[PDB]
Amino acid sequence: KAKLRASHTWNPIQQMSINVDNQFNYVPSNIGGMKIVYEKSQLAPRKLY
Amino acid sequence: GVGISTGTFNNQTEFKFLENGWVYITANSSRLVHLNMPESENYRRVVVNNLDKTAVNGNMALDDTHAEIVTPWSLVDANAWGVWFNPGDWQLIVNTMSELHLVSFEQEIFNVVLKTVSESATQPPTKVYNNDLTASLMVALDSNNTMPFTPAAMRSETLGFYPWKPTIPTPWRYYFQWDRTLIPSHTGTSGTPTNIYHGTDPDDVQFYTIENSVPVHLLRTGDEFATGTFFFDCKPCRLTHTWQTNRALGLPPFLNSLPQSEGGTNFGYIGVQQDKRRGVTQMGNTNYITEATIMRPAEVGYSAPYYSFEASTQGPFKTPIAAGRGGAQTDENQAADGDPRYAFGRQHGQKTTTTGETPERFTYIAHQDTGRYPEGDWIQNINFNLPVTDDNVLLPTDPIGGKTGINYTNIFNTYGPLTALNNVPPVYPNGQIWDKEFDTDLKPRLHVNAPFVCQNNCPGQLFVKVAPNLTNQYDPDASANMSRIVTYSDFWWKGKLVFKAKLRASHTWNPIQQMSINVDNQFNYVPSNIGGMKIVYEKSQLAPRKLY
Amino acid sequence: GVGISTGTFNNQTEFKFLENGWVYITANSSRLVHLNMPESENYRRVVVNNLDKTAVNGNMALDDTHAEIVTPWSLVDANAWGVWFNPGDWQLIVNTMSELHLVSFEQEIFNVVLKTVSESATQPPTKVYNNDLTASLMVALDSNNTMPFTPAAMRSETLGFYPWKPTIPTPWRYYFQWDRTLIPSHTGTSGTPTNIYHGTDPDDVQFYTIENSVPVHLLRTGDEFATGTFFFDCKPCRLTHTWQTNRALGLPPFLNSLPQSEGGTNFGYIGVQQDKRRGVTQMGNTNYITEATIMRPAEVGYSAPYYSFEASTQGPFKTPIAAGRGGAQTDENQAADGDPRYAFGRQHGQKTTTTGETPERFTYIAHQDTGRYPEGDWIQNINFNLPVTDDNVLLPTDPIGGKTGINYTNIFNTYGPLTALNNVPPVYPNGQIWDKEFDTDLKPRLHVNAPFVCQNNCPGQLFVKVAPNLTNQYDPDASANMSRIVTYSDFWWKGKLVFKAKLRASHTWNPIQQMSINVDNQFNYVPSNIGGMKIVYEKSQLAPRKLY
Amino acid sequence: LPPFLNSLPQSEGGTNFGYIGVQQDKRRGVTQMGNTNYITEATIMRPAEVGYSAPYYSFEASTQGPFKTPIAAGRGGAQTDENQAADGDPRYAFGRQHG
Amino acid sequence: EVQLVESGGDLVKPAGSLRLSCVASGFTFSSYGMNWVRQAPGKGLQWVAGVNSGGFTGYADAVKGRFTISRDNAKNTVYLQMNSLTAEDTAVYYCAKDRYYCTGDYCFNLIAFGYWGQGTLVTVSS
Amino acid sequence: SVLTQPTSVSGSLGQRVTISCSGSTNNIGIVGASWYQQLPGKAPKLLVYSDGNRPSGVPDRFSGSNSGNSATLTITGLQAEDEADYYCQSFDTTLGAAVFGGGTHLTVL
């Protein structure tokens, strides 16, 4: 069970995104090899106080 | 009452979810508007003719000739994305929403204040400001869309994009029919190319006036005005893009010889000679089946005359196209036609501490590959003998009309019954949200300026004007300038735009492109040391979708 | 109407009684508040970096390097004991109450007024004040706790403590993420330590604006705004201190030989050789049972590294501790670490008729002895031969690391699963009343700044601002400073803070301590011949209580 | 609440800092350091402590042998340099079943 | 280990323009500022410009308003467009990287350190 | 702005030698000097940071000091390979620009 976030600030926050650098980590190699690279889980900031 | 407030300020963007993965987006937007009295209480029919610029042979593209009626009214337009969403909300929408619907729209003018200006004329200059409780703000809502529609997003003349920054309303004008002739020329054309302006045909005269077509409310400092909820009927909008082209539609060919080692050079080979292959092609007189010559279900995108100018009664204009050049992602300089360009000032994104009149600009390189790369085309004979010879292929490098610069792609068109193409992406912040459909018997399949197109009607333009605060020396029979007390108004505008979006789903193993903040773009979204703000453009179709 | 008042001034404290020895202590406060128009309508992001002070080797504790967003909004804060209770009510509370609960909180703004300043430009300067009845005062109440929580009590910037003096709201600002490195040094270090400000990490950026987050009420001179009752859920606060330390828990040894005659030198005796005694000890490798060695149920207080500064991404900061020295009530110079020090001005207790910019300061010393006296501590080897040789003990006079002024008490922490400690006592008048609990997954056991902490959420902050009073010359596209008519507002704030307390009983023959007016302090509670008021600090936990 | 900046920048520039504007021994505020009048960002009261320090790379012995004293969180600012990962932040070693 | 390379220095006529290029590897190009420093034949050193990660730029008065420095964080490459060159600009130019990670407007472009590259020579004459 | 340096200095093999640089409160008095060495025709290499530390591989011979508006560099156990030009460097806090000294040539005898 998860809750959907809400935009709390004027500015965009950081997100996980595919890019020209990490591209080939999520698709098989020509000879059929796969990999899973680590991914962050607390990108969105929150107010402590 | 004079001493009672008639409204409440509100920006808050509220997300409310429903069942089945839908979310309501209510966008409240509140501004403080500043309105000086008009320069003249009279309508003006005016011609602009930049004959000086266009007399220079070859400058015909810079033609600016037209006739307009200048009105004493000012237009309050909220038809742009930046007026409703800040970058954070745009991030959330374009990262989580797959589609968007325009539902309802409302607006209201309130907390009206009217002030007069008096000058002392003392040797050290000074001037005082006085309220006028009896003074009135004239407000008109064109609910029936009687007046000509004129969205301000095309001129960067909508309401500003910062809630903490006041905004002006745009002075209102509209086009008046005119006749124009402009024969095109080139540097080297002898004499003066035929360039004339003829005037107005009697049967196309339309002098719309607000007072004779729209009810007008007289708001004093204690009055308020509410437009009422307008409900849209637009087709749904997609926040995803199609990467497929004709080359990526259908079943790929079986590879009899798959690669045996990793590497960029270790490709696979189909293995079957091209005239011995099996499959289907529209080339009824050749045995080659190849990824270019194979039959595909239909055509994605279409070629069109690019930087082509067409003339009618009113003079020359550029031919519009739904999508731009392909492959522009590799080099921005190659985008050119189709991909829109936005020039705007400080109210609407340009850094607010910058000097000069030079506006910020940007070209929008959409994520959809429905465009074309004309240098990659060629036309060859029906005989289809290969390798094709010069006499039998029309290459893009071939000269057309005796011109090195013009090839056939400049005049080439491939729109047809098999064409499939996409609607225009939203452009945050400077894009227009909704646009009124034309009143033609046959209607365009899409509009290039807004993602949503009204089917039946869309909300009436809101016209405002400062009532004429006359002095004691008024004489209605006078041909001289009327004498009015210098009046201006500060009135708060509050709008509500309500959307309905569908949340996205993970259809694939791999992640998709998402808007995010990074060490480069970081400070684009925060104020400077002296408070300078700026809003940068932000894409809308980062998530890919399967065309076929 | 404009001429109708919208509220009632009220600054009375009512002690209503109930069953079972409880009392409702409802405190009302009212102020006149003076709000100028903001220096600029824009938010700013500003960095402070005093390399001029920190570059001097050894001043690393004097680092003020930070990033802050400066807002046009002002903050109204009544979170200080001086805003609700005058000395007499505090006397009643601390002389007659045992425990104090915080129940509800309310506030309202009424009798708004707006004035504009006109300058004559006459050679001898002069200016005249005019009412602007149509102007507005912006009010935003962040009830959802979306904005950063910035308690004004910390910087001595809450509303004033005198009902009969006007007050101002603190300009509002909040911290913006930054990175900073400062390697400590000593007078005598070579070169210059790295003292750098690396910038702001994008993933931590959080820019807030009131306009985009809270509904803003526009209040004209005839309007009033009330927040609505808020209900707390705070833990109870005890107005009694605990005097027992480990040495005084449990059953004293039986004194075999009592004194026979009274006298200062006539001590009693236990009469049993220490190695021959009966009881329990944790020192399982020795027979000695003594008042210093006998097992006790648990531990009161804890030793913490004193003047320990810990660095994180934002630079250095002092390690907070719950309590300070024990038995240091005699001298202020011996307060040392832990015991809070308040430095305040004339809005908050300083003799009002004073001049200059030296803040008035005091150091709070609590009546509770849950602290430590490190010069009496020592660490000795496990063999436990007595008397102990130099090599088997680490006395506080023995250095650590070669520094003769640093000993093990500076780097020695005794906090454990046996530690017992009390909450921070209320500090009148300058102490903060309540605080918001952290949004961390695991939360601290007490806060040092507020006796009351909020288990779930608690009252939202109230922000005010003068609406922009533009001149006729406004021009959004200009990058210069906005032109505002010089406008200011005076409004009345009124709040209600509701406590619930229990009356005290007398469990002992003796009379306990109480606060009372005496000749050495009488003039501190009366005005001066020239109208000067001062509010001196008063202790909270005067009464004693049994710990175990 | 940050400190009020009595003097603010007037132009954009890397060097155009702000200034609190009041001599440090003359500042109003609240601090736990009762034997000084300097009030500074390093010395101003805060509600509590965010994070904690631990004897990092402490090894502690029990009946079964030495083990590393575990800590909740790692270094601050290590996001900019992998060489400073240090204690706290976990290191995963795995194979072809798992990545 | 940190490695930097430079190119683009050439003999050029007075006025006009010239465009230098410096490339980097071995360190997180994004987190560090990049600077150019120049030295005339047999003369002393003179800092030319620096560019922090965010696109904010700094220049010395000798070039401020004439040169324009930039970065391409996706290629670990920095460029220096030298417009309005004059004879006095004849010098050798080196590419440097500060020791301490830094970004933003308030960020000092160069404090102490850099694995200076081999450099590129520039001469202005006609 | 600029930092002053001596034109040249001489020292015998195996002896100690000193080099000095002078500035102002806003360049040296706030940020310490960083000393660089340049071999004939080569790009310069740093010797001592303002932090007082030396980069990896720099001989222990070199060491630096700072006092008020001035700084100083010394070489212990002078060697023939040390014959090179040297430069002090700082940061003018007012102009926000790196300031390099006038340079000094060290002669080994």
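Read-outs: derived from the displayed coordinates by stated rules, not from any lab. Methodologically, a virtual Cβ is constructed for each residue, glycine included, from the backbone with ideal geometry; neighbour enumeration extends over all protein chains shown.
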Original post:
Counting only residues that are surrounded by fewer than 21 Cβ atoms within 10 Å (Cβ to Cβ) and in contact with a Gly (Cβ under 8 Å, 6 or more places away or on another chain), which one in the range B:520-534 is farthest from the other protein chains (Cβ to nearest Cβ)?
Top reply: B:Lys534
Subject >> Tally of residues being part of a loop (DSSP other than H, G, I, E, B) and among the aliphatic types (A, V, I, L, M) across the range E:77-126 >> reply: 4
**OP:** Could you pull out the residue among C:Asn36, C:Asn50 that is without any contact (Cβ under 8 Å) to a residue 60 or more places away in the chain and away from chain B (no Cβ under 14 Å)?
**Re:** C:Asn50
**OP:** Would you confirm whether any residue within the range C:79-101 is away from chain B (no Cβ under 14 Å), out of contact with any helix residue (DSSP H, G or I) (no Cβ under 7 Å at 6 or more places or on another chain) and at positive phi?
**Re:** no
Original post:
Looking at (1) among the acidic types (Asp, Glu); (2) surrounded by fewer than 19 Cβ atoms within 10 Å (Cβ to Cβ); (3) outside any loop (DSSP other than H, G, I, E, B), which is the one condition that is false for C:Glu68?
Top reply: (2)
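Per-residue answers, yes or no, for (1) over 28 Å from B:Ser190 (Cβ atoms); (2) in contact with an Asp or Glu (Cβ under 9 Å, 6 or more places away or on another chain):
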position: B:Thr26; (1), (2): yes, yes
position: B:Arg31; (1), (2): yes, no
position: B:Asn36; (1), (2): yes, no
position: B:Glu39; (1), (2): yes, no
position: B:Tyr43; (1), (2): yes, no
position: B:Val56; (1), (2): no, no
Original post:
Any residue at all in the range D:58-70 that is within 14 Å of chain C (Cβ to nearest Cβ), part of a loop (DSSP other than H, G, I, E, B) and out of contact with any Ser or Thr (no Cβ under 7 Å at 6 or more places or on another chain)?
Top reply: no
Original post:
Pairs under 8 Å by beta carbon, first residue within 13 Å of chain F (Cβ to nearest Cβ) and at negative phi in the range C:169-194, partner surrounded by fewer than 16 Cβ atoms within 10 Å (Cβ to Cβ) and of a type in the set (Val, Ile, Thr), six or more apart or different chains?
Top reply: C:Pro193/C:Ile183; C:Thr194/C:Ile183
**OP:** Among residues belonging to the range E:40-61 that are farther than 16 Å from E:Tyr94 by Cβ and not in a strand (DSSP E or B), point out the one that is farthest from the chain's Cα centre (by Cα).
**Re:** E:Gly54
**OP:** Give just the number: which of (1) surrounded by 21 or more Cβ atoms within 10 Å (Cβ to Cβ); (2) at the interface with another protein chain (Cβ under 9 Å from one of its Cβ atoms); (3) in a loop (DSSP other than H, G, I, E, B) does C:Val453 not satisfy?
**Re:** (3)
Subject >> Meets criteria (surrounded by fewer than 18 Cβ atoms within 10 Å (Cβ to Cβ), over 19 Å from the mean Cα position of the chain (by Cα), of a type outside the set (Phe, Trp, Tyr) and within 14 Å of chain F (Cβ to nearest Cβ)) for C:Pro125 >> reply: no
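May I ask you to list the residues in the range A:28-47 that are farther than 26 Å from B:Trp22 by Cα, of a type in the set (A, V, I, L, M, F, W, C) and surrounded by 12 or more Cβ atoms within 10 Å (Cβ to Cβ)? Give the derivation first.
Taking the range A:28-47 as the starting set, the residues that turn out to be farther than 26 Å from B:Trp22 by Cα are A:28-40, A:47.
Within this subset, residues satisfying the condition of being of a type in the set (A, V, I, L, M, F, W, C) are A:31, A:34, A:36-37.
Residues satisfying the conditions are A:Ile31, A:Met34.
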Original post:
Scanning for something in a loop (DSSP other than H, G, I, E, B), under 16 Å from the mean Cα position of the chain (by Cα), aromatic (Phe, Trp, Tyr) and within 14 Å of chain D (Cβ to nearest Cβ), does the range C:408-415 turn up at least one residue?
Top reply: no
Original post:
Identify, please: which residue in the range B:346-375 is of a type in the set (S, T, N, Q) and in a loop (DSSP other than H, G, I, E, B) and is, among those, farthest from the other protein chains (Cβ to nearest Cβ)?
Top reply: B:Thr370
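What strands (runs of 3 or more DSSP E) lie completely within the range F:1-77 and have 2 or more residues being buried (at least 18 other Cβ atoms within 10 Å of the Cβ), under 13 Å from the mean Cα position of the chain (by Cα) and away from every other protein chain (no Cβ under 12 Å)? Write out each step before concluding.
Details: elements: F:8-11, F:17-22, F:35-38, F:45-48, F:62-67, F:70-75.
It comes to F:17-22, F:70-75.
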Original post:
For the range B:461-479, how many residues are over 19 Å from B:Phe491 (Cα atoms) and either surrounded by 20 or more Cβ atoms within 10 Å (Cβ to Cβ) or among the β-branched types (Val, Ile, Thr) (or both)?
Top reply: 1
Subject >> Listing of strands (runs of 3 or more DSSP E) fully contained in the range C:78-150 that carry 1 or more residues being among the acidic types (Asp, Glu) >> reply: C:97-119, C:137-142
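Output the strands (runs of 3 or more DSSP E) that fall wholly within the range B:174-280 and possess 3 or more residues being surrounded by fewer than 13 Cβ atoms within 10 Å (Cβ to Cβ) and in contact with a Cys (Cβ under 6 Å, 6 or more places away or on another chain), or say none.
Numbers: elements: B:179-182, B:195-199, B:216-219, B:240-242.
No strands (runs of 3 or more DSSP E) qualify here.
Of these, B:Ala152, B:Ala80, B:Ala121, B:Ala140, which one is without any contact (Cβ under 8 Å) to a residue 60 or more places away in the chain, out of contact with any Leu (no Cβ under 6 Å at 6 or more places or on another chain) and small (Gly, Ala, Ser)? First the steps, then the outcome.
On the way: B:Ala152 fails: without any contact (Cβ under 8 Å) to a residue 60 or more places away in the chain; B:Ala80 fails: without any contact (Cβ under 8 Å) to a residue 60 or more places away in the chain; B:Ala140 fails: without any contact (Cβ under 8 Å) to a residue 60 or more places away in the chain.
On inspection, the qualifying residue turns out to be B:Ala121.
Can you name every residue in the range C:135-146 that is closer than 26 Å to C:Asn469 by Cα and either surrounded by fewer than 23 Cβ atoms within 10 Å (Cβ to Cβ) or within 14 Å of chain D (Cβ to nearest Cβ) (or both)?
As a first pass, look at the range C:135-146 and keep what is closer than 26 Å to C:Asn469 by Cα: C:135-142.
Residues satisfying the conditions are C:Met138, C:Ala140, C:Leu141, C:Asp142.
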**OP:** Could you list all residues from the range C:322-340 that are on the phi < 0 side of the Ramachandran plot and in contact (Cβ under 8 Å) with a residue 24 or more places away in the chain?
**Re:** C:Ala322, C:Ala323, C:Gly324, C:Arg325, C:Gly326, C:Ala328, C:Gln329, C:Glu332, C:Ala335, C:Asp337, C:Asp339, C:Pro340
**OP:** Within the range A:2-11, identify whether any single residue is more than 7 Å from chain B (Cβ to nearest Cβ), over 14 Å from the mean Cα position of the chain (by Cα) and surrounded by 13 or more Cβ atoms within 10 Å (Cβ to Cβ), and answer yes or no.
**Re:** yes
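May I ask you to say which residue of B:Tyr537, B:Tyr488 is at the interface with another protein chain (Cβ under 10 Å from one of its Cβ atoms), within 30 Å of B:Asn79 (Cβ to Cβ) and not aliphatic (A, V, I, L, M)?
Numbers: B:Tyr537 fails: at the interface with another protein chain (Cβ under 10 Å from one of its Cβ atoms).
Sole residue among the options that is at the interface with another protein chain (Cβ under 10 Å from one of its Cβ atoms), within 30 Å of B:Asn79 (Cβ to Cβ) and not aliphatic (A, V, I, L, M): B:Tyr488.
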Original post:
Can C:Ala336 be described as in a loop (DSSP other than H, G, I, E, B) and facing chain D (nearest Cβ under 7 Å)?
Top reply: yes
Original post:
Could you say whether any residue in the range B:517-534 is in contact (Cβ under 8 Å) with a residue 60 or more places away in the chain and under 16 Å from B:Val94 (Cα atoms)?
Top reply: no
Subject >> Count - residues of the range C:433-450 that are buried (at least 20 other Cβ atoms within 10 Å of the Cβ) and either assigned to a loop (DSSP other than H, G, I, E, B) or free of Cβ contacts under 8 Å to residues at least 40 places away in the same chain (or both) >> reply: 5
